[PDB]
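Quick heads-up: it's one chain on its own, the form deposited in one PDB entry, in structure tokens.
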């Protein structure tokens, strides 16, 4: 339902929400249930099992939650998304994605991501069990991961959010442990390279005809510990967590 904005050509600092008390974490909004609600999951090794919901940007900055969700399992890494009223996350120490319905607060299902590396086998550059990264864009729900078969290089799959089945799979040429993070826009994977305490998108992979390219799109890295970068196809922004800081970046596009 979202129109492709084009090929990404610029990333800009835009909004700084607050400095959190966790170095790593993720946060997002649900593009398919348009509301002001913000979802928040700070990262704590072997202790992450809660999703916090805020009703607005103001409530979020003020730390006034609407509710907390106790998850049926613990979570690995910062890769979660909320999509069409359901939380998707990587179940701790598995290659499985759990779907958790927020309105009914029950586990809907579980999917095995075939042959996916997990639990600090192929994390992003900072570790944190960030092996499996969910992404939503104009073309739906995606999983970004790596496999032993693809020599630790990023693999992307389309994940049906209704049936939890994989619907398409592409092997890329990019070492996942070399990447800081990654995200999808219009079925194109963008991989971020950055310094931890160059800063750029330096690789793209287009799932339409499976063509990849080396690029150079400067990426802000003001705090030098990128933990999460997730795209939102409703507002065309990046929701970023960087060294305690919770921020949004705006995007500029050329034709695709």
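Throughout, rigid core stands for the largest set of C-alpha atoms superposing within 1.5 Å between the two forms. Residue numbers count along the first chain shown, from 1.
What follows is about the form deposited in another entry, which we do not show.
Superposing the two forms on their core leaves just one of 41, 226, 38, 188 with a Cα displacement of at least 2 Å between this form and the one not shown, namely 226. In this overlay on the rigid core, residue 108 has a C-alpha that sits less than 2 Å away from its partner position between this form and the one not shown. When the rigid core is held fixed, the Cα atom of residue 168 travels less than 2 angstroms between this form and the one not shown. Once the cores line up, the CA of residue 125 ends up 2 angstroms or more apart between this form and the one not shown. Relative to the displayed conformation, the Cα-Cα distance from residue 250 to residue 223 shrinks by 3 Å or more in that other deposited form.
Compared with the form shown here, the Cα atoms of residue 223 and residue 229 move at least 3 Å closer together in that other deposited form.
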